[PDB]
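Asks: Just need the structure, nothing else, for what follows:
(chains A, B, C, D, E, F, G and H)
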Amino acid sequence: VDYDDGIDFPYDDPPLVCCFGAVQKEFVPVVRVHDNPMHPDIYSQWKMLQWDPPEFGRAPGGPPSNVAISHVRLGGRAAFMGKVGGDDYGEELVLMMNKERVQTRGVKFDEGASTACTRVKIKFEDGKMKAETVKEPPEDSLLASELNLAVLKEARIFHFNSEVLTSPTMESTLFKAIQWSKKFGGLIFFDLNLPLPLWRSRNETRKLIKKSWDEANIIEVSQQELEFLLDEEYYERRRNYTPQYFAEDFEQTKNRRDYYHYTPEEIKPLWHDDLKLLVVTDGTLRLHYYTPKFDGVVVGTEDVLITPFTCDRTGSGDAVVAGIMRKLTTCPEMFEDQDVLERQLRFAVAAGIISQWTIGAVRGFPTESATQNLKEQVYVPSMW
Amino acid sequence: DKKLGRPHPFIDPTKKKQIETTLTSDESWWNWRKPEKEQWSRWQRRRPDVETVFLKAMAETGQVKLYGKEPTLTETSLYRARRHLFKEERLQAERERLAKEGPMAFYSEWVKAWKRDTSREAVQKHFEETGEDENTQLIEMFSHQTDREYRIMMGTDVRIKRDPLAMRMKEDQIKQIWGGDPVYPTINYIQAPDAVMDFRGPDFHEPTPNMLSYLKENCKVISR
Amino acid sequence: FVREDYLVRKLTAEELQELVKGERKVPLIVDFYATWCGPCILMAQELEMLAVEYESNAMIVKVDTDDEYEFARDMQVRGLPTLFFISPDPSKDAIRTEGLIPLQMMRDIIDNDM
Amino acid sequence: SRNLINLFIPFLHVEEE
Amino acid sequence: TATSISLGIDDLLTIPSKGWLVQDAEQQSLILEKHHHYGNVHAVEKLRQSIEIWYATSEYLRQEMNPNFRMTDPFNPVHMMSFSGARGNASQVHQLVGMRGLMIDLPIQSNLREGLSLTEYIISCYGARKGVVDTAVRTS
Amino acid sequence: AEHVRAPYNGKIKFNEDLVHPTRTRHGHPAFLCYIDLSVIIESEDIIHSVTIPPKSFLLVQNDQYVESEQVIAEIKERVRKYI
Amino acid sequence: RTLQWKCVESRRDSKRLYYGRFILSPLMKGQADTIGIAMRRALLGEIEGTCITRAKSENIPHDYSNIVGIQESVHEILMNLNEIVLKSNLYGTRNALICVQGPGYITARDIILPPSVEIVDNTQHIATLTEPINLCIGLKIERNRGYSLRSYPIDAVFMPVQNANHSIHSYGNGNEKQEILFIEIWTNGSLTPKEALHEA
Amino acid sequence: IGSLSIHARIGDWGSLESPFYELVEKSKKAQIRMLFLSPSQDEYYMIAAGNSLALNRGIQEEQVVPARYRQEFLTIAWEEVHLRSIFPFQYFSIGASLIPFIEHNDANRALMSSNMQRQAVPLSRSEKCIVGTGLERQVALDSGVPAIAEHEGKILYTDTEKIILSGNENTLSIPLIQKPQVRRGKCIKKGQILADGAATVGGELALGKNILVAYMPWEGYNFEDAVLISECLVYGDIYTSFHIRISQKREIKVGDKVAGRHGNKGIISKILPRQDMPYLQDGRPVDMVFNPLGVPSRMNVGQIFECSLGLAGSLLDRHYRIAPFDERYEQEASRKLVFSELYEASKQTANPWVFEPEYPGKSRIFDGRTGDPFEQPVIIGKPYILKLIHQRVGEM
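Replies: Numbers count the residues shown, from 1 in each chain, chains lettered A, B, ... in the order given. Structure as follows:
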């Protein structure tokens, strides 16, 4: 079994990325309980929760379409592979993709379903209200026979996120797409972005994502996701610990935020032979990186109080992922030279930072020029 | 250098210049030491100038040569002192290209819709049948010019005398005048005309109540 | 009297079980916002506009998933901004929508699917 | 005056068909 | 009328070495602040550095503004304006073009072409009020 | 006071035994001189030179690298300062 | 002919905004600018236009007060009348009426013009009537140039050429240095660009 | 006298309190991190105004910024900073907050440029400014000149005399003492605008008009901030006011006072017919000719930005709402915004004279009485211009 395009020209200079899954206008999958509510009705105060945010929400990821848009705007090329309804909103989402110059040849167009609309039956069990899905939405119901193999052939990175694992159909389609991409020599990028149901328990999610994680050649996990896949409570005790009598070094006296760098031995339960790069993101504040040969941490920064009224965290993680892919496709020494990897990941940091300064995700993804400008203004020239 | 350092561009200091070695750190007072880590400064990044983009564009067109791939501040200060010479030289080369090519071939730069052969030979060979002299052909060519192309061509107006290079710098080069896209995205500033402000939006205070309505609500004032 | 500034009503999960078990004359829209979430600033304004436009012809309510997180998980919510449209006829399946859907899609659902 | 009129008359030139 | 004396955002003309001079004055100040934390330099020496090295730089920046125009952009609008004396003293042209200097424990590094940062703006506003009071006293 | 500033990049050269050590108004170490001092600047082209007058604070040192326009030398109220 | 002009482009962005670009070629040096500036000043100032100069609402409550059953004030309708574009060739003083007798939109198509005047854009909204009033208003129209300074006067302006431009380009004769003139005219549809060029 | 800063609050002890963001780091679990502090308290805190956008082979915490402590200004590490002054408008009065690019204007004139706006006459056919700061919205909302809705509902009826709402199945009638912004079919949330007032448009303050302008010295009629205007400013009723005593339709006249928001005041000395004005390379005559000697006289470079970006906004059909001190993001940030939007307006409209790379923001312009170009480029813009309101034998 093989697929032939009948074309021999070298495609095009910025290598294509395929982003698989769902498209929503903007949508945060990673949700957890937060300590501080603002007023339940006055939305005029929720800025205070985008500038002093929950730590899981410090740089939210989103739909892979956000990553496609950001990657194209950062100068790369993205194809979005997915399904939408024939209704007006599926057209609006495809138009959003096209206007952002995301290639939509793998975007199918179900005619008998209503894009974002999922049918669910509300039920009562244990006296609690529950829902069960009666029909999955278009974006959850792309079939393995609807994949565009010309895209998977061209695409050098196949990016997906764990939300596809919440649909058995989309999960089967995902693994077929992964097989195709790996056959065409693609690299599998797995942006975890754990949705709400996958925060229920560590040892269920770890087996749910196991096959996806072991297929991925490159993985992005937030600090909170990694610590949840590892022992969340052990790392809580790790960082709530304070020496009883005296600090073991001077810096531990300063009481600054704990930027703990997970060791390769702590990552070892998650590491696997195909994994070329794991990135653990602590906001834009730090990107820890791990490879088979070296590990380290890109010190980033954020500012968000620079734009108290216009700031919004949403999509900063998508812009980080897009910047990582943008450099991975055009500087594959990232897998082999540690200084190169750091210097290029600082571009992802800058893209996340700029993405935090406007309301809305797609509205806010930076261009390549703005990102490189922010890199060169924030970082000392030695470390550009 | 020694000869032909008059006229043409040449390295200001003569080649084979000597270099010197000075006090390393720990040979120097603490106030005259380079810090062990390069310090962040807002001024760390070369200011983007019009003179840098123009001097790079002249270097790539070979009108000038530079000591390195980036024009120094000395070179851009000299360009600032001398740019009108290079501008008038380019305008003269443009006049001479007009005289050589003829108006059809020259102005066809701004008539993409004019697909026919514009060389003087082809203009003659067309006059030898269609009876249309060069002028009628030129009127027809301009009759295919779109309004936007004409507005771009108006840089060649004999009163404007727009720089032939400024007319042809591409976007990714002109961007370097201000230094690429602004870091803070302009979409934050863009507002539509005829947009009506949503005073219920998330950057307004909650609507102030009518003072009587508020006092009555708080049972501070009574009606009957 | 001073008229209250907001129409979309916050419910606890139990007050919502009561509102879903009892008979309804009108569609029930349940918003699973959370106050730290960026898109929820926008969804709250869209839902306020919907709640004005439909007056008493729709019951639009919201459930902060900081408070009712396990109930959101049992509702199969997988992200925010999410919205349920629950028909007044109890036989019909409810519609879950995800992301900032247009206010016109809300009107479409309420008029044509509920 | 006459040279000005000779400059502006051209805009009133009709041409044969 | 046949000419024009119009002023544009790049008709103003910050002396090119200002960045280096500012970096110089910045690096020294950082080192001194470091050594002030170390207890090698007492607060009065640090204060006097913070005043005097930025005053020195501001003055140099002015003394090298006119030569820079006259040698490298003779026909520059604000050059002709100040050198002919039509409007704008050389100090005012310098406060547009070069550096506004001090009024104060921190300098104003920027200029009105580059825009004053909030701290600089506040310091300038305080100077403005003092100047207005001084003028009123002078008139009386 | 006028500031003498290096007119060229290069290496400062002078016999620093001719001049007295001092602490500057800014706490920097410096040399204070009460003679006509000749200071060489070994530039990339020639051995330029500068004359330093008596009663002046030479801020630089026998072999220091100096950059063009860098200050090389410098030629009541009583107020409380609080730490 | 050697010296020739042509209508190189024309557009009709609206019934109230025509555009035309013209060429005139083998001009000699210094002819093209003497033509261009004089033609510009003629177009912008010496073209005449026709517009409504006076209005008389047949029932007036007060000189300055609002008018019943109209969704906008007398001042807004006077401004909408000011923006009316008329096409007349004959000079002199002329009169017209609007007599609209029910709810709806009163528009330039409802103006009863004298024989010598034509509406340039019938679709121009004038007034909104919510009530079935027998709204009758008289209008007085004049053809003049520039501007001029009980029935309301309308501060109307008689300038149908909305804008004009010209550009001068070397024809490239190395000895004679002949030149090409382009002219551009934006007009209210009271005149086509070519008709304004001729009348200028 | 003075006036209260935009964010200032009178505390429960009669002190004037300003909001500051608190950088409590790891120990405490604060809910609201905005303090309000009087000038008595806020001196005992290290207030920073800097940004966290600096990084080095060290760490962000040790990166130094300008801060204020006691009455002194000083440079300290972020590790030492207690509070951040996050809001742009925090120190500005309302009048100063309405000035775009205010950080590019000499602060001496900030009072004067405030006073100018406080003398601006409401105009018939008011118009939103192309460039602003975003406070025109706050001013319109809080002035109470627009009819804000008092109750949510669907619109029932709208004319020059009244608006009618129906909501909560109850009607409300709102007579106008204004022009309706709502369509008769609109639906309204409680505190949204129903009708614009005098000198508002769309619920923004609208004191002036965007006049196409050149800054060049004409033949003395703009001597030392005199101003020439086109006759079109009389044609278009652009600066026609109504003054009530009976009312009079006051047109703009010779000797009337106009000002930009930057303190660039001038008196109209001359009114020239459209064809006598200077005209642009697109053929449009300019509508006023300011004199450029005022720009270094009062040291207001911000208006040149306002000019250039206003032109961009006229060509892109974009309004701009530039909060002050955008240079905090990036050095030259305001120049980058202006030149970027000039270049976009150029390449979108194919008007290459709008962004001439040789001298950006300036263009060559022509004498309407001659057709020759003035031999040096003239700065051009569409700034927002406001019309201002209007014998002792002494011992000396």
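Asks: Packing partners of the helix ranked longest in chain B?
Replies: The single longest helix within chain B, with elements called by DSSP state H, is helix B:73-107. Helices and strands touching helix B:73-107, as assessed by 3 or more Cβ pairs under 8 Å, 6 or more residues apart in numbering or on different chains; DSSP states H and E, comprise helix B:50-60, helix B:120-130, helix B:134-143, helix E:65-72, strand G:161-170. C-beta here means a position set from N, CA and C on the backbone, and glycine is covered the same way.
Asks: Can you say which of these is packed in most?
Replies: Looking across those with neighbours counted as mean count of other Cβ atoms under 10 Å in any protein chain shown, the highest average goes to strand G:161-170: a mean of 23.
Asks: Next secondary structure after that strand?
Replies: Proceeding C-terminally, strand G:161-170 gives way to strand G:179-187 as the next helix or strand, assigned by DSSP states H and E.
Asks: and that following strand with strand G:161-170, angle?
Replies: 170 degrees (axes from the mean of the first three to the mean of the last three Cα atoms, to 10 degrees).
Asks: partners of strand G:179-187, with directions?
Replies: Listed by DSSP bridges, the sheet partners of strand G:179-187 and their directions read strand G:17-27 (antiparallel), strand G:161-170 (antiparallel).
Asks: Go ahead and name everything in contact with the helix or strand following it.
Replies: Beyond strand G:179-187 on the C-terminal side, the first helix or strand identified by DSSP H and E is helix G:193-199. Residues from elsewhere that reach helix G:193-199, judged by Cβ atoms under 8 Å, 6 or more residues apart in numbering or on different chains: D:11-12, G:7, G:10, G:18-22, G:39, G:43, G:47, G:160-161, G:183, G:185-187, G:191.
Asks: before we move on, what SS does residue H:157 have?
Replies: Going by DSSP: H, G, I helix; E, B strand; the rest coil, the secondary structure assigned to residue H:157 is strand.
Asks: which residues sit in contact with it?
Replies: H:163, H:164, H:184.
Asks: Could you report the neighbour count for residue F:37?
Replies: The burial metric for residue F:37, expressed as a neighbour count using other Cβ atoms under 10 Å in any protein chain shown, is 20.
Asks: That one: what's it in contact with?
Replies: The contact partners of residue F:37, by Cβ under 8 Å, 6+ apart, come to F:14, F:18, F:19, F:51, F:52, F:58.
Asks: hang on, the earlier thing: Serialize the strands paired with strand G:179-187 to CSV and add fields for distance to residue A:48.
Replies: Written out in CSV, the entries for the strands paired with strand G:179-187 read as follows (distance: least, Cβ to Cβ, whole Å):
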stretch, distance to residue A:48
strand G:17-27, 50
strand G:161-170, 52
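Asks: what's the burial count for residue B:203?
Replies: Residue B:203 sits with 18 neighbouring residues when counted by other Cβ under 10 Å.
Asks: Tell me how far it lies from chain E.
Replies: Residue B:203 sits 20 Å away from chain E when distances are taken as Cβ to the nearest Cβ, to the nearest Å.
Asks: What are the phi and psi values at that residue?
Replies: Taking degrees, to the nearest 10, you get phi -120, psi 30 for the backbone angles of residue B:203.
Asks: Can you tell me which of the contacts of residue H:157 is nearest residue H:390?
Replies: Among these, residue H:163 lies closest to residue H:390 (Cβ to Cβ), at 34.2 Å.
Asks: Would the longest helix along chain H count as contacting chain E?
Replies: In chain H, assigned by DSSP H, the helix with the most residues is helix H:333-349. Yes - using Cβ under 8 Å from any Cβ of the partner chain, we find that helix H:333-349 touches chain E at H:333, H:334, H:335, H:338, H:339.
Asks: Specify which member of these is nearest to chain A.
Replies: residue H:333 (10.2 Å; Cβ to the nearest Cβ).
Asks: if I look at the closest one, how far off is residue A:374?
Replies: When Cβ to Cβ, to the nearest Å is applied, the distance between residue H:333 and residue A:374 equals 12 Å.
Asks: what's the distance between the most centrally placed residue in chain G and residue A:337?
Replies: Chain G has residue G:160 as the residue nearest its centroid, 3.4 Å off, counting by Cα atoms, centre = their mean. Using Cβ to Cβ, we find residue G:160 at a distance of 71 Å from residue A:337.
Asks: what do you get for residue H:341?
Replies: 40 Å.
Asks: who has more neighbours, those two?
Replies: A direct count of neighbours by other Cβ under 10 Å for residue H:341 and residue A:337 places residue H:341 higher, at 26 against 14.
Asks: That one is in contact with residue H:316, isn't it?
Replies: Yes - counting by Cβ atoms under 8 Å, residue H:341 touches residue H:316, with 6.6 Å between them.
Asks: about what we covered before: quick check, nearest of the contacts of residue F:37 to chain D?
Replies: Proximity of those to chain D (Cβ to the nearest Cβ) peaks at residue F:51, which lies at 72.4 Å.
Asks: Please verify my assumption that that closest one contacts residue F:33.
Replies: No - assessed by Cβ under 8 Å, residue F:51 is found out of contact with residue F:33, at 11.2 Å.
Asks: And those two? Which one has more around it.
Replies: Summary of the neighbour comparison: residue F:51 and residue F:33, criterion other Cβ under 10 Å, with residue F:33 having more neighbours (22 against 9).
Asks: which residue packs closest to that one, ignoring adjacent ones?
Replies: Counting by Cβ to Cβ, 6 or more residues apart in numbering or on different chains, the nearest residue to residue F:33 once its immediate chain neighbours are dropped is residue F:19, at 4.3 Å.
Asks: One more: residue B:180?
Replies: Beyond its immediate neighbours in the sequence, the residue positioned closest to residue B:180 (Cβ to Cβ, 6+ apart) is residue A:369, lying 3.6 Å away.
Asks: Could you tell me which residues make contact with that neighbour?
Replies: For residue A:369, the contact set (Cβ under 8 Å, 6+ apart) comprises B:175, B:180, B:181.
Asks: what do you get for residue H:119?
Replies: With Cβ under 8 Å, 6+ apart as the criterion, the residues that contact residue H:119 are H:257, H:259, H:388, H:389.
Asks: Of these, which is the most crowded?
Replies: Within the contacts of residue H:119, residue H:259 tops the neighbour count with 24 neighbours, counted by other Cβ under 10 Å.
Asks: hang on, isn't it packed against residue H:388?
Replies: Yes - the pair formed by residue H:259 and residue H:388 meets the contact definition of Cβ under 8 Å, at 5.8 Å.
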